[PDB]
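Listed next as structure tokens is one chain, alone, in the form deposited in one PDB entry.
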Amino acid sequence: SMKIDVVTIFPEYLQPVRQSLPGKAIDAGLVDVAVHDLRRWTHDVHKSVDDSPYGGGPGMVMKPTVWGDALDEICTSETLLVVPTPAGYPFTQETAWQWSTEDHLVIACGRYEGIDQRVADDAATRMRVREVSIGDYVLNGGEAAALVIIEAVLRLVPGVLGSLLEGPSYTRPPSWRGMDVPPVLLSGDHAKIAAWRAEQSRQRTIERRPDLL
């Protein structure tokens, strides 16, 4: 039973998550995902969420007063606050496993150059906070990272969404555009098949991810 709250200035971006949630899991109270527009917590008629960086430099920084109010309303002491950032600890499958047993995740999606650091620092004095990155590339903001995190975590929660590299997979037809499925797979020698797959995995890992070796 997990609740996920996402806070963002682009709530429409989180539409796919709601699209991918089976009715059965929601009706069984296994999961609830809520998306909140950050501008609900702005102070001014112009609904301002950003401001110039101290110390100068390019871009803008999201305002701590707006984020502080939003998180004050949404979080509790039991919340795991997740903050996507290109400067974060790596989000991995181990992370996803750990978070799949949480009661309450709140994902704070930044834009511009990110969120004033005092927001996370203040939150960390009364709840668990995790600054994480989903990969070594640069995005426009936290929303795409939130989609990835939500999917990776929820697929590990029983009945919610419906090392070496894996080798190639094949299905019907047995021959297609001049390429035959590897005969060993049709041999009925299941120890040999397992050994073939293991060697394929080993070779692919060497070629594509030698860092794992």
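Don't overthink the numbering: it's just position in the shown sequence, from 1. Here the rigid core means the biggest group of C-alpha atoms that line up within 1.5 Å when the two forms are laid on top of each other.
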| Checking the other PDB entries with both flanking residues built, is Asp27 absent in a third or more? | yes
| field | Check: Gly162 without coordinates in a third or more of other entries | value | yes
| request: Look at the stretch from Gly188 to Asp189 and count the residues of the deposited sequence that the entry does not model, then pick none, 1 to 3, 4 to 9, or 10 or more. | output: none
| Mean C-alpha B factor from the entry: is it higher for 95-103 or for 128-136? | 95-103
| said: Please compare 195-203 with 15-23 and say which has the higher mean C-alpha temperature factor in the record. | reply: 15-23
| field | Candidate set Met179, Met62, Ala70, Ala145 [ranked by C-alpha B-factor, highest] | value | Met179
| field | Among modelled residues of the same chain, the CA temperature factor third for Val45 | value | highest
| Sorting the chain's CA B-factors, does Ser169 end up in the lowest, middle or highest third? | middle
| request: Comparing against every modelled residue in the chain, figure out the third that the C-alpha B-factor of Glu113 lands in (lowest, middle or highest). | output: highest
| Which third, lowest, middle or highest, does the CA B-factor of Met2 fall in along this chain? | highest
| query | Would the CA B-factor of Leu154 place it in the lowest, middle or highest third of its chain? | reply | middle
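As for the form deposited in another entry, it is not shown, yet the points below apply to it.
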| said: Can you tell me which of these residues, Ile26, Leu185, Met60, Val148, is the one whose C-alpha shifts by at least 2 angstroms between this form and the one not shown after a rigid core fit? | reply: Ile26
| Which way does the C-alpha gap of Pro22 and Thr76 go in that other deposited form, closer or farther, given it changes by 3 angstroms or more? | closer
| query | If the CA atoms of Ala34 and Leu21 move by 3 Å or more in that other deposited form, do they move toward each other or away, so closer or farther than here? | reply | farther
